[PDB]
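> Provided hereafter are the protein sequence and its experimental coordinates.
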Amino acid sequence: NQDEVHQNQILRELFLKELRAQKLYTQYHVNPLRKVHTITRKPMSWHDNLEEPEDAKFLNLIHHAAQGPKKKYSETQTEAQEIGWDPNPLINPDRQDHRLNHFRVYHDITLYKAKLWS
Amino acid sequence: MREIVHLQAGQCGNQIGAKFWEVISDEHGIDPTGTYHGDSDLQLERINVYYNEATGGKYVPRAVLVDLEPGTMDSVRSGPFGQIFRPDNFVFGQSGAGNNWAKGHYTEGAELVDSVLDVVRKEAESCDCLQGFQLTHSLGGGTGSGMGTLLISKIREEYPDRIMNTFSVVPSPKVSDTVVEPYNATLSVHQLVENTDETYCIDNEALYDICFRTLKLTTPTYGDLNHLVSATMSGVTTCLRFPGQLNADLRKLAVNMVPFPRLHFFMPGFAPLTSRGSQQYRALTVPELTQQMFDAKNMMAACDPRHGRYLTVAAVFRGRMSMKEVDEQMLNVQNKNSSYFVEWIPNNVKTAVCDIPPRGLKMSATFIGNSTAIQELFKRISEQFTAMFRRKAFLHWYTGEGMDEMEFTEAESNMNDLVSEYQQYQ
Amino acid sequence: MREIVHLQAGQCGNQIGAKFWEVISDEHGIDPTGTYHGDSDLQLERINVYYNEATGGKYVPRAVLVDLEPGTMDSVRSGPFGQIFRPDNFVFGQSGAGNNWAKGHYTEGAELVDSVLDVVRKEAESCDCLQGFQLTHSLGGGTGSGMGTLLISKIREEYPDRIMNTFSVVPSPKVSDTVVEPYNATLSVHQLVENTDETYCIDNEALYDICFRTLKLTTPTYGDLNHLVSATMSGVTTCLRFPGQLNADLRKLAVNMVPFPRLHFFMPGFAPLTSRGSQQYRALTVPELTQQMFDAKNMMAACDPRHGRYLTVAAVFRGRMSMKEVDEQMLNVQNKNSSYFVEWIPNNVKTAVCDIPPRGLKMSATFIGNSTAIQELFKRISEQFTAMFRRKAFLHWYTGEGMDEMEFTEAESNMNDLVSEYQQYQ
Amino acid sequence: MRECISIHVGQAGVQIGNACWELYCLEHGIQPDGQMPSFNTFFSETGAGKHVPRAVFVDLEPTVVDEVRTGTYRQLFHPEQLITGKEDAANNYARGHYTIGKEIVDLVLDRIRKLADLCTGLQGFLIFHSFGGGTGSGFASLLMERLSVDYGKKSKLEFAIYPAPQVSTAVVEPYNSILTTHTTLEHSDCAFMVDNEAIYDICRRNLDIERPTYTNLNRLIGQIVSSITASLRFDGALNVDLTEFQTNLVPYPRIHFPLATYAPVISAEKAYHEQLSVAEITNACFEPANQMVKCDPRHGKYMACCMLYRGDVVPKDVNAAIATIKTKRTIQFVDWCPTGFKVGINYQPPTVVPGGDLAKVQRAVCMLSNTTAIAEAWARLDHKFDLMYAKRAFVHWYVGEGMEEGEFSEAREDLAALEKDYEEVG
Ligand SMILES: Nc1nc2c(ncn2[C@@H]2O[C@H](COP(=O)(O)OP(=O)(O)OP(=O)(O)O)[C@@H](O)[C@H]2O)c(=O)[nH]1
Ligand SMILES: Nc1nc2c(ncn2[C@@H]2O[C@H](COP(=O)(O)OP(=O)(O)O)[C@@H](O)[C@H]2O)c(=O)[nH]1
Ligand SMILES: Nc1nc2c(ncn2[C@@H]2O[C@H](COP(=O)(O)OP(=O)(O)O)[C@@H](O)[C@H]2O)c(=O)[nH]1
Ligand SMILES: [Mg+2]
């Protein structure tokens, strides 16, 4: 047996207790910068072409997220991101001078041979 | 063009339709005066489905209110949307049935049919292309369960091809307030199986169950229960009144959910039921609506689909989404609960999407399905009706109205034959 | 992806998890409201391991709180991190067990097994790919010691391949709080050996010992005791939640911790515990971490590993280091105290690195070790259980609930066989 | 035109591939986007004028590759090339070979199939993995097994971590190591076994960095692979392809395990104060204390030596150094190789990464000796695996995964036969 005449007012007592303890969400809409799911509209539906404004900070959020770690953080955070941290060549890559920087990239008739192999 | 007339019988029907016209007038932006105060153009494009035009930019509901007792309408006229109705559409008797089915179907019935049949004829001829009529009533009444059976019997002869829907209220065994409540229901379902294209088996008892658990309302009045059904008939007709990505109408649903003409009793549902404490902790997603729906606690009738086989299921959605998560959750629930679906019909479920959300809400979903669990409802009534009828108890009230004792036997045979072939299809 | 469901049982479990959920929410920058106010991107990169998404940028606990008494639930709701939990996840029964294992496991258990199983199932089908569940409870109670075994037995049938850690609290013989404590302990370890992938033996007496000497706290409350065990398990899954130079997870150590299925009891160890007078005079170094790590006084169980043989050793490091010191300190320990390690397993030590330091701290480590000293506890339980059972005292409480007598006999037989195969491995 | 495709597997494979690819990008001048503001053996051109790495990173854990996906080179790399799994093997060869492989075997095979379609004349498949991890072991085994029948003639170079004889990051490593050796025996052309401890000792002793890390190790691995591929990438007086130095390294089908060495490896501060010339660098390549595998070739006999100089170097000095090393009784040769050298020279000096450790040096040397001194490490592993399998520890894990236990003894006997063959050569 379940004495619902008592049980329901035990539940009513509880509902009043977390009603007193109930706190509203403080209206801080956060969203994951990972990805969002979207739905394509109907291009012709005479309600779907309605002009409506966008948001200005969300674009800054993506333009900040989709970018490498160096301009994100002043100093490193994990050992996996030490790697390739500074891409600055300490001397200028004078890659046009064949004198000291000889290259075997494909040249002369070998380009035509690469074509001819197909 | 595509018009529906609303028939309103009984105190249960009168109060339900009164709040029903209230919510859809909010959906169409109609003031208690009758004019248009809405904002969107789409709010007034298909308003003539339910409303008739009047001069000065006023709209009148296309409804006929019938009740043998004049007392109920005075509350209806005293309601918030009370003066909205056309006074001439009010037709009423002087004496009630006293919850006697025989008095109303036969004795006090012959006088008030002539007036109400005239009014519905004028409204039917008002519209060029009528889809059909709709009636809201209860099976435990003297008028809705009583008179209301004779109206549909007549109008089927007048308008056979037009679809009619009835959101009748089936009495519950756990809570009852009428001795002869099985007697009226015994003589009402027999009229339903012969002349009804679709029936929405609603039950009061599950309605109080839902507000006690899902909404957790301390003092649920009849208005909240009438609000719950009001969302249900609004969700049926939102795709008719308003365009969507995949459009549908009542005939889309009537044809695709009746495998055989004897089976037109269905199970309605309407998804976004959250208590106030539940509003804080949720994420409005298509999967959340589907999981809430296929659980049996959401259901507003008195029988569990887990004890039967889902013959046909339909899910009409309100809001702008994409159909993949609609289709994948559709496919997911079909594969997972394989035993509860019949095998002779692959792809048991039907979908529809209407772009425009309900007012004040983003997502709403309506389910209308046929399950073997509805035969649990009829056999329970026969468990009572035979108990009264074996001793011939409470028979002189009916027998004084002039009909034979055979009518109980032929009726009792009818749903017994109905639950027999219904059991056969299981 | 790799999600953890925190099943919660008992007053000890409820208070442990409440503090446990506070540190991670602080670790992941979660406010009492539920939003995110932190700074680093990596604070929310694997947040969904423990949390589920809700609308408005809300993250909800994936915890299922179970207790047989309403009195614990108001207290955990009244906590600062009290409203952050989902109310629907809260499950309780009207009547407790009174520290009786029999009542929780058989009599009052069967009425609440169904409801918790649905709650964990909905959280199970929520996450796409779950690694396994998580339970913290006490072996001296009536629900966590009793009821709590029945959840584990059922979910192993439902989910065999998933990882199952239990942070069971073993009652102490020096400091005990229950007369019928050995009966619950004897009837729970038999359930523990059969269905559990790994167990963590935590004792409150050793928790009392450290704050006496390691922290020198004048008035150690139970909240402080809950702070250490929460800090312990935060070090178990930090490699799961954050990337490191050498990554790991629960399945990494569990495969590497279990030479034979009959053993799954391990010894937790936490590194950075210093009193207020120790902060001024110290140099935070990895060797300073390891010297306190192996010291038998830092441990939070009632067994001295110097009396037994260390089977396998795990040392998961949290923060930024260089492994050369980590490798050299592990190698240094493995050679000096050579008698305490087994000879059939060279390189007994397993190590992992998580780059993210704990919040408010820089260097930390967690120790998990399987040693022969854990059999010191079970035999100490045996000398009381046999001292309880020969005269059939306190048996009418257990006999009246409906079981016979051989269940105690099979329970002591299994633990005697367990310690017997465990002494042979020494 | 010569092409080498990377098939890197596991956490080691991913980290080593990212290393090797920053060295390839800085060598070819490619910006992190993939635009040039020689290369074709590793990169491939696109319609947009970008350069596409020909690498397949495959892992069973997401986070290891998602670190690259959010790394600097995200736009440089292909989302389709990076192949991830949801659940790992967790140091289980059986999981890695029988249960989890077949889910993404087809995807990995299709990816390398499209890469081979892009390539015109394929020179080699450089495949990197480890002998400790269940992923890097079982998945490597199965992809060798299928790749052998997919391309019978195409050469498959096998760079892999071998478990260190003293330090270890796992306990269940020897089972995977003994079970993997069948594939490196019957499905490999060259094998480049590496243990971490040797590089640890080298970088502490020579490079003065007391606290190195895995990226410091990966720098030298990228350096040696780059020095191997420098003859293909750029011009040399004696260019050496893969076919040439495998033919002058492999005498028999069962002997394809050479040991490597890089010289000179000194920091810049000490590089200030010494001459670096051919004789000194080739003498440093021969010291047992500089060998990158923990074995002494002075205890064995060299029977082949491939040689790759690089930078500012003269064949006169090369021949003088060859004469000097031949005139040394501490260095032995087997009786059936009076001439056992394979000399190659390349013009371009090895480049330097910023943030690396080696100073920029005008002339360098890479040594690849096939000797018989490697078999002692396999003997140590044989003793460890024998005392593993004597008590049948951890066997239950693999048996539940579903392999046949006789394969363990079969692999032990096979590696014993390999050691016997090495004795016959010795
Ligand atoms: N040299 C080197 N070895 C590594 C590196 N990362 C992992 N390892 C080795 O790999 C072994 C474990 O395997 P992992 O590479 O971590 O992972 P896996 O190969 O994917 O195999 P599973 O762990 O079973 O998933 C460790 O014992 C390490 O010695 C690395 O970056 N460099
Ligand atoms: N759901 C619902 N049911 C109602 C409402 N008002 C009355 N009823 C039901 O209607 C039944 C009485 O109907 P009755 O007035 O005799 O119908 P009538 O004979 O057709 O006029 C009662 O059993 C009530 O349960 C209402 O507002 N909502
Ligand atoms: N370490 C610790 N132990 C606790 C805490 N709260 C309770 N306990 C222990 O839990 C035991 C009582 O557990 P009990 O409430 O009967 O468990 P239940 O029957 O499952 O609800 C006592 O012996 C306490 O030692 C806590 O906050 N920390
Ligand atoms: Mg791995």
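Thanks, I have it. Numbering: from 1, shown residues only, chains lettered A, B, ... in the order given. Ligands and ions are numbered 1, 2, ... in the order given.
> residue B:283 against residue C:54, yeah?
Yes: using Cβ atoms under 8 Å, residue B:283 makes contact with residue C:54 at a distance of 4.7 Å. Placement of C-beta: from N, CA and C, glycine included.
> these two: which has the busier surroundings?
residue C:54 (19 against 13; other Cβ atoms under 10 Å in any protein chain shown).
> and that one, how far is that from residue C:237?
22 Å (Cβ to Cβ, to the nearest Å).
> got it, and residue D:13?
For residue D:13 relative to residue C:237 (Cβ to Cβ), the value is 25 Å.
> those two: who's more crowded?
Set residue D:13 next to residue C:237 and count neighbours by other Cβ under 10 Å: residue D:13 wins out with 31 against 24.
> which residue is it, in the stretch 1-150 of chain B, that comes closest to ligand 4?
residue B:42 (56.3 Å; Cβ to the ion).
> ok, that residue touching residue B:356?
Yes: here residue B:42 reaches residue B:356: they are 6.8 Å apart, a contact under Cβ under 8 Å.
> any common contacting residues for those two?
By the contact definition Cβ atoms under 8 Å, 6 or more residues apart in numbering or on different chains, residue B:42 and residue B:356 are jointly contacted by A:47, B:242.
> settle it for me: which of these two has more neighbours?
Each of residue B:42 and residue B:356 has its neighbours counted (other Cβ under 10 Å); residue B:356 has more, 19 against 15.
> which strand or helix spans that one?
Using DSSP states H and E, residue B:356 falls within no helix or strand.
> would you agree it is in contact with residue B:238?
Yes: with contact defined as Cβ under 8 Å, residue B:356 counts as touching residue B:238 (7.2 Å).
> what do those two both touch?
residue B:318.
> now do the strands in chain D.
D:4-6, D:58-59, D:83-84, D:124-130, D:155-161, D:190-191, D:259-263, D:302-311, D:341-344, D:363-371 (DSSP state E).
> what strands line up against the fourth one, and which way round?
Pairing partners of strand D:124-130, with direction, according to DSSP bridges: strand D:4-6 (parallel), strand D:155-161 (parallel).
> and the longest one, does that touch ligand 4?
No: contact between strand D:155-161 and ligand 4 is absent, the nearest approach being 11.4 Å (criterion: Cβ under 5 Å from the ion).
> now that strand - C-alpha only, CSV.
Presented in CSV, the C-alpha positions along strand D:155-161 are these (Å, rounded to 0.1, in the frame of the first residue of the first chain):
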residue,chain,number,x,y,z
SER,D,155,59.6,-2.0,-48.9
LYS,D,156,58.4,-1.6,-45.3
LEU,D,157,60.8,0.1,-42.8
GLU,D,158,59.9,-0.6,-39.2
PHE,D,159,60.9,2.0,-36.6
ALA,D,160,59.7,0.9,-33.2
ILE,D,161,60.2,1.5,-29.5
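> next one: stretch B:192-203 to chain centre, how far?
9 Å (Cα atoms, centre = their mean, to the nearest Å).
> now it: buried residues?
Buried residues in stretch B:192-203, counted by 16 or more other Cβ atoms under 10 Å in any protein chain shown: B:192, B:193, B:195, B:196, B:197, B:198, B:199, B:200, B:201, B:202, B:203.
> excluding its backbone neighbours, what's nearest the fourth one?
Closest residue in space to residue B:196, ignoring its immediate chain neighbours: residue B:264 at 5.6 Å, by Cβ to Cβ, 6 or more residues apart in numbering or on different chains.
> surely that neighbour meets residue B:195?
No: using Cβ under 8 Å, residue B:264 is not in contact with residue B:195; the gap is 10.2 Å.
> for the spatially closest residue to residue D:131 that is not a sequence neighbour, what are its contacts?
Spatially, and ignoring its direct neighbours in sequence, residue D:131 is nearest to residue D:177 (4.4 Å; Cβ to Cβ, 6+ apart). Neighbour list for residue D:177: D:131, D:132, D:137, D:162, D:163, D:381, D:385 [criterion: Cβ under 8 Å, 6+ apart].
> state the distance from residue D:198 to residue B:96.
Following Cβ to Cβ, the distance that separates residue D:198 from residue B:96 is 102 Å.
> repeat that for residue B:116.
Where residue B:96 is concerned, residue B:116 sits at a distance of 16 Å (Cβ to Cβ).
> excluding chain neighbours, give the residue nearest to the one residue in chain A that gets nearest to chain B in space.
Chain B sits closest to residue A:39 of chain A, with a gap of 4.4 Å, by Cβ to the nearest Cβ. Distances taken as Cβ to Cβ, 6+ apart place residue B:322 nearest to residue A:39, at 4.4 Å, with adjacent residues excluded.
> number of residues surrounding that neighbour?
14.
> that one and residue C:334, how far apart?
59 Å.
> cool, and residue B:154?
From residue B:154 to residue C:334 the distance is 97 Å (Cβ to Cβ).
> so for these two, which sits in the more crowded spot?
Shown here are residue B:154 and residue C:334; by other Cβ under 10 Å, residue C:334 has more neighbours (19 against 14).
> contacts for the helix or strand residue A:63 falls within next, please.
For residue A:63, the element it lies in under DSSP H and E is helix A:57-65. Identification of contacts with helix A:57-65 by Cβ under 8 Å, 6+ apart yields A:31, A:33, A:72, C:41.
> what's the closest non-adjacent residue to the first one?
Leaving out its chain neighbours, the residue that sits closest to residue A:31 by Cβ to Cβ, 6+ apart is residue C:57, at 5.9 Å.
> for residue B:269, give me phi and psi.
Per-residue torsions, residue B:269: phi -150, psi 160 (degrees, to the nearest 10).
> and it, how many residues sit next to it?
23.
> quick check: phi and psi on the nearest residue to it once chain neighbours are set aside?
Among residues not flanking residue B:269 along the chain, residue B:367 sits closest, at 3.9 Å (Cβ to Cβ, 6+ apart). Note on residue B:367: its backbone torsions stand at phi -120, psi 130 [degrees, to the nearest 10].
> name the element the residue of chain A found nearest chain C belongs to?
Residue of chain A nearest chain C, by Cβ to the nearest Cβ: residue A:30 (3.4 Å). Following DSSP H and E, one finds residue A:30 outside all helices and strands.
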